[PDB]
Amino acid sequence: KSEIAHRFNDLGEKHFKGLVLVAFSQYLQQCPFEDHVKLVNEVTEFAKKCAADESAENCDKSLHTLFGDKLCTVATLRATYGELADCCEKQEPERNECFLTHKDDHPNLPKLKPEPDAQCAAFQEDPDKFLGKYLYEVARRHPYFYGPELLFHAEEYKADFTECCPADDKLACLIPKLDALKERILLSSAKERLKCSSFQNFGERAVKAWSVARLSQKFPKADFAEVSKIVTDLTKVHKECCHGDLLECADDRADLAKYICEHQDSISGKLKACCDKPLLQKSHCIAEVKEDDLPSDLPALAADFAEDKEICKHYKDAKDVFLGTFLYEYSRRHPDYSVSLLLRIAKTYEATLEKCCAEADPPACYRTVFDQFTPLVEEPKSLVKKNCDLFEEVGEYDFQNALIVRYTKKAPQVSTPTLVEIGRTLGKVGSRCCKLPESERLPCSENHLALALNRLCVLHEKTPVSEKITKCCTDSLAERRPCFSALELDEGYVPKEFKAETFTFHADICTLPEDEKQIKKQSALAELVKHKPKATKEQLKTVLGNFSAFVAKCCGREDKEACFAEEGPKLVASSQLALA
């Protein structure tokens, strides 16, 4: 009826305003905070005026016409987003499509730094404005963040400041919390970007297959009917969020959380905890829920999926069902596999049937089908064991450095900040996954690599530089990791010209936190590879150890700058000799 009334009634003023603030920040990432808050109140007012009189003018326009109209009222649009004004000429959905495409995955804004005194200050004098700002800062940095999940984090962030602002020593309560939360924002953001990237680049059918694999591992006791239903509904939730439809996305999400809690007995014993919780906790808890124990009545699969003579007839009849069922069954018994491994096994199952059923004796052919999955399984298992050995041997920083070398060799045309960001994210896959019980390491590692590879692809979408990267990013979602693992030193590379200043250090580096010192060195390392692509990881490890030693020394000196100045250029030249 009035779609905007309806959502307002369903969501209530607070959340309504929340999600409307996020939406606007993510669509207009540059606008001062004040204008968004203003645009938000205006829509909220119209919403209220509509809830009271659904028959009133323009109350029956769709949401996107309404928000699209509000965004296009914003002043200096053509100075702030010269590229956006254009979308404003268009109708809907054309208009929305246009804003979407214009979203910025790397607006490269200032780092959100916890200034606890000035933040506790700002919080006390106005809690609503302080939290609203938080949503804006985060939304505009992560224009595809899972809308409703941000309202959830903003609660945590509120609890953070509520506990630490009266607390004794302020920063030491608050700074480990805000760092922890930031880590969760970044992972959360990555998980969602992969979902939306999957919608954009591979379509729903791919998003559903992913979801079937995953939800079956999590809910191995639910039947297939029940899995299909949730996947159907969840896909619709994320489709909407990814399309910028946040109010509908949230409303649909609450519906699904309620469905799931009505049925937790047919779904999972692990939901109990989640279901006893308030709305936003509940959804978050369901979203992040752990895998239930395997039922003791899992069916052998030989019979229907390898022995049956009718398989061909069954498969031809309705492929997507028979295959979905296969995927449901294989995944439910394999929480020890990664989602992409499962999706790879499903394409091989499928590929094997396409093949065998075309042959004169399909049953003699498809009978060994499960034995084709073996190589699929051991390849990633050994790749994880290998990288976990290396990691436990050399620790995060060196593991990252090995990854930054590996990736700069694979894609030397990518900018150093990106190679560094990625190599660093990749290395944190080790820290996270390698310490886990052994059978969890494969799924952790690959599911996490998916997130980081997709981040590389996303950046690469805005700034394309390498064809090998394009190919891996666009070929097959399921083959993405194996496609990247397979790249080697790009042989067509032309060593970047040497530029002394790049590798020249100064005293300023001395008062950066460790975290930031590393990035400085790690950038130099990428630069070392670009200029000398053929040097082995071992030569680079040694040369960088020298650079590290030189920095420690000079920063420790009475005269830091004469140290850097006298020692640097010598180390700069001799180090090229070691990279021959």
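Counting begins at 1, following the sequence as shown.
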property	result
Selected stretch [higher average CA B-factor]: 163 to 171 or 270 to 278	163 to 171
Between 224 to 232 and 111 to 119 (mean CA B-factor, as deposited), the higher	111 to 119
From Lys409, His263, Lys319, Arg332, residue of greatest CA B-factor	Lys319
Selection from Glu396, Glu350, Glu240, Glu310 [criterion: highest C-alpha temperature factor in the record]	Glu310
CA B-factor placement of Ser523, once the chain's modelled residues are sorted into thirds	lowest
Third of chain Cα B-factors occupied by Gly68	middle
Ranked C-alpha temperature factor of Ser548 among modelled chain residues, by third	middle
Third of chain Cα B-factors occupied by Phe484	lowest
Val529 CA temperature factor, ranked by third within the chain	lowest
